[PDB]
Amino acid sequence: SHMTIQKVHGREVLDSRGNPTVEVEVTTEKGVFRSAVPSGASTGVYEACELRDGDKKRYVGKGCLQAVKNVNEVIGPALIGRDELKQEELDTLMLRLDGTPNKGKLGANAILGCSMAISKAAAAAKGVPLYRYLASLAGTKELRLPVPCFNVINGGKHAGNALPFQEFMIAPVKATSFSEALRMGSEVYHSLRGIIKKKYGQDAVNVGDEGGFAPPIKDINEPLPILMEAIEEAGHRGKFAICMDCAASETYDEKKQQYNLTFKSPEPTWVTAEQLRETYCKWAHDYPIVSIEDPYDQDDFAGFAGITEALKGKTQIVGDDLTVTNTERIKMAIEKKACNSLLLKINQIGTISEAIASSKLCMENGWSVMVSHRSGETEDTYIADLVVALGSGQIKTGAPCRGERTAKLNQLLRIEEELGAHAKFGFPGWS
């Protein structure tokens, strides 16, 4: 008993957009283990329930007092005196405590903070770092430092610009260490700021939610030459690839079955799903585009399958809203050959055990896995340890700008230093 969970407590804290979210502390004799839950803006319809208060008098209804009360009054009392090492057992207990398929009773945002903090308490009980403890839970044979995929130019749901597609990313795939990867990323980011300033003016270099630039660009093609120019100017020609997150559901209209690529402008631009495929095949030809995430709407399995086939061996197709880190949706995607990469978001499913199960299922069927932040982040660094623990070789956790992004990148520096010069870096298929 002396080694078990002593206290569990949740509290409402602010995310990087200033919106409330949930943080949980699990206390054992080894210390206080604290985990915070991120929050999406472009959330898939199939994501686990993010439980908000709806009280217009607080945070215009975005409070997390109810989720916090669920931690303090329901989940925490159940956990006291339990063996924190029993991750699957305690995650399953929390699943059953909720009793609903979407975690709509307790909230995925109450459960997840507990699931995370348990695993950190357990790591401390074993006397190993989090990444080591998670690698044991996942059965990972080789740890690796991931290639960071940096969202440096944007165009989605609140960003401050006309740009319709969400993320234009640069990835230092030819770096030979994480230290080198991160420096090169920062250097290109800095070069890009100057390029944007000269082309669009001083007003154009303020940052989006994930620390990238949101220049006054409307057309989805326009960021790409600019990215190649920044890569060149920074002195890293040939070292970089591009990844896209289209978040294409956010532009899609169900009744018309077409995509609006000015949805943030007075006049609409209606474009079809093969007008899209045309664009994607062209992108992949014209630029070193190694990854395209959510190229289509979250239920367009046929669209996804079409582009996955057409770019096989050249450009991975990543499910995010399609798959929502959920073994059931992932099984549908496998059956239809809809995609070949999982965007892994612990808060899309709501427990560590389930997120690990999703990663294992995807890898066993030959997919890559890109561990991901949400557009609403905190100072939490869990995903840095998680990506190394899964050995997946791919992370997206922001531009190299804003503390809720750099905190993960910095944690990756710390892990890299612990693992030493023989630690593997990057994604072998891109190296």
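Here the rigid core means the biggest group of C-alpha atoms that line up within 1.5 Å when the two forms are laid on top of each other. Numbering starts at 1 and runs along the sequence shown.
Line up the rigid core: which moves more in 5 other deposited structures of this protein, 192 to 200 or 211 to 219, by C-alpha RMS?
The stretch that sits farther from the shown form in 5 other deposited structures of this protein is 211 to 219.
Please pick 243 to 251 or 121 to 129, whichever has its Cα atoms farther from the shown form in 5 other deposited structures of this protein after a rigid core fit.
The more displaced stretch in 5 other deposited structures of this protein turns out to be 243 to 251.
Hey, which bit's got the bigger mean C-alpha B factor in the entry, 335 to 343 or 316 to 324?
Comparing averages over the C-alpha atoms only gives 335 to 343.
With reference to the PDB entry, specify whether the mean Cα temperature factor is higher for 132 to 140 or for 107 to 115.
Comparing 132 to 140 with 107 to 115, the higher average CA B-factor belongs to 132 to 140.
Checking the record values for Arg96, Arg183, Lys199, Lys86, which has the greatest CA B factor?
Comparing C-alpha B-factors across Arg96, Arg183, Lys199, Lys86, the maximum falls on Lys199.
Whose C-alpha has the highest temperature factor in the PDB entry: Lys120, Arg82, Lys157, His190?
In the PDB entry, the greatest C-alpha B-factor among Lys120, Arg82, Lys157, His190 is found at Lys157.
Comparing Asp209 with the other modelled residues of its chain, is its CA B-factor in the lowest, middle or highest third?
Lowest third of the chain for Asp209's C-alpha B-factor.
Relative C-alpha B-factor of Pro268, binned into the chain's lowest, middle or highest third:
Answer is highest: the recorded C-alpha B-factor places it there.
If you rank the chain by CA B-factor, which third does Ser291 end up in: lowest, middle or highest?
As the PDB entry reports it, the C-alpha B-factor of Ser291 lands in the middle third of its chain.
Could you say whether, by C-alpha temperature factor, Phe240 belongs to the lowest, middle or highest third of its chain?
It falls in the middle third of the chain.
Give the position of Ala423 by CA B-factor within its chain, expressed as the lowest, middle or highest third.
Highest third of the chain for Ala423's C-alpha B-factor.
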